[PDB]
There are 2 protein chains.
Amino acid sequence: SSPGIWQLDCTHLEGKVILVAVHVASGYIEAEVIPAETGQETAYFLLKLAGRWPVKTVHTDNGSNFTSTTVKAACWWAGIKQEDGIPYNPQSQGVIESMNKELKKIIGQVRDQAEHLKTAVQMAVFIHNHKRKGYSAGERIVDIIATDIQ
Amino acid sequence: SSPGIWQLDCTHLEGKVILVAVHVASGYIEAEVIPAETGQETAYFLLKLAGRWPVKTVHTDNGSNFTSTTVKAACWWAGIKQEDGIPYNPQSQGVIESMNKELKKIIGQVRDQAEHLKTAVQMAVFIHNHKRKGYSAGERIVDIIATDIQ
Ligand SMILES: Nc1noc2ccccc12
Ligand SMILES: Nc1noc2ccccc12
């Protein structure tokens, strides 16, 4: 069920790790800076996400997170179906790649404003989700989920 | 209007500080554990919130956060109208008080599961937002915002 499908994405900047969850149907994102991509960090991130949006399915970003007992435990706890993240459709991967580039671009544009990377990342989340493409990703996710509920 | 109104709430547990944002019309929440309630922590929390939901107005939890230049800067950045949190309607306070008690109750119920308070708090957010009262707070916020957009 497409309203409930999210994709994990891990990208790197400034020797640091940015973990992103993308709501596939809308392009809406949540993101966090973590010191490294561990099972425990990913598990906690998913718990936060699922408390905030109705997350039914997660396409994990790599095999380590797919295998992780801690990630599996979090998915069990939160009622998430954990799936692999293989682009059986190869255009999917280029979309994520483009988003990572966009996000890094925005991060660069706010570095006269933010002392810490985590602030810049949250500014990028804001700008990304409010950007009008015409509706924004934020508007799209709410519309999609509301239509599903009704 | 009412779709964009949030209330800040700071509560204490285990010598630690739990910062909560409540979407007043739905009862939907986001929350975080912070070491102490500073302007910088509150500012960052609001930035995260506003990137994720269309936050128009925030009723601040106390006068220190209302006064804080850092909080004011974050509200400016994110396009949030910063307001006081005075219960001109006195029933408002008791509602928040009840929610804090409920949240602490859930936190207690999951402490055989979570090593760290932050995990327990996010479990509480999940349980709170999914609880059916009949719709859940999560369903209500999406419906309210979607209706506003349309
Ligand atoms: N969750 C949201 N509904 O509408 C939005 C507009 C901008 C950002 C987030 C949202
Ligand atoms: N943002 C949400 N839409 O629906 C939900 C159901 C449960 C929790 C959160 C949400």
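So you know, we letter chains A, B, ... as the sequences are listed, proteins then strands, and number each from 1.
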Shared hydrophobic cluster, [X] / [Y] (ILVMFWY, side-chain heavy atoms < 4.5 Å):
X      : Y      : value
B:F126 : B:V121 : no
B:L46  : A:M123 : no
A:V20  : A:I80  : no
A:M99  : A:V110 : no

- [ ] Check each atom of A:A124 against the heavy atoms of chain B and say whether the ones under 4.5 Å are side chain, backbone, both or neither.
- [x] neither
Open item on the list: Does any backbone or side-chain atom of A:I141 lie under 4.5 Å from a heavy atom of chain B? Answer side chain, backbone, both or neither.
Closed with: neither
Open item on the list: Please find the pair of heavy atoms, one from B:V125 and one from A:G51, that lie closest to each other, and give the distance.
Closed with: CG1-O, 4.1 Å
Open item on the list: How close do A:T119 and B:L47 get, counting heavy atoms only, and between which atoms?
Closed with: O-CD2, 3.7 Å
Open item on the list: Any side-chain to backbone donor/acceptor pair from B:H130 onto A:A50? Under 3.5 Å, distance only.
Closed with: yes
- [ ] Check whether any side-chain N or O of B:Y44 sits under 3.5 Å from a backbone N or O of A:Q122 as a donor-acceptor pair, and report yes or no.
- [x] no
- [ ] Output the option from B:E32, B:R52, B:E30, B:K48 having the highest count of non-hydrogen pairs under 4.5 Å with chain A.
- [x] B:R52
Could you check whether atom [atom1] of [X] has more than 12 heavy atoms from other residues, nucleotides or ligands sitting under 6.0 Å from it?
X     : atom1 : result
B:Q40 : CD    : no
A:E97 : CD    : no
B:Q93 : CD    : yes
A:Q82 : CD    : yes

Task: When A:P54, A:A78, A:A73 are compared by non-hydrogen pairs under 4.5 Å with chain B, the top option - done: A:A78
Task: CD1-CG distance between A:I145 and B:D143, expressed to the nearest 0.5 angstrom - done: 12.5 Å
- [ ] Would you check if B:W77 and A:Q113 make a side-chain contact, meaning some heavy-atom pair closer than 4.5 Å?
- [x] yes
TODO: Please assess A:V142 against B:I149 for the test side chain to side chain contact (heavy atoms under 4.5 Å, CB included), listing each intermediate value before the final yes or no.
DONE: CA-CA 9 Å; A:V142 164; B:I149 288 159; 4.3 Å; yes
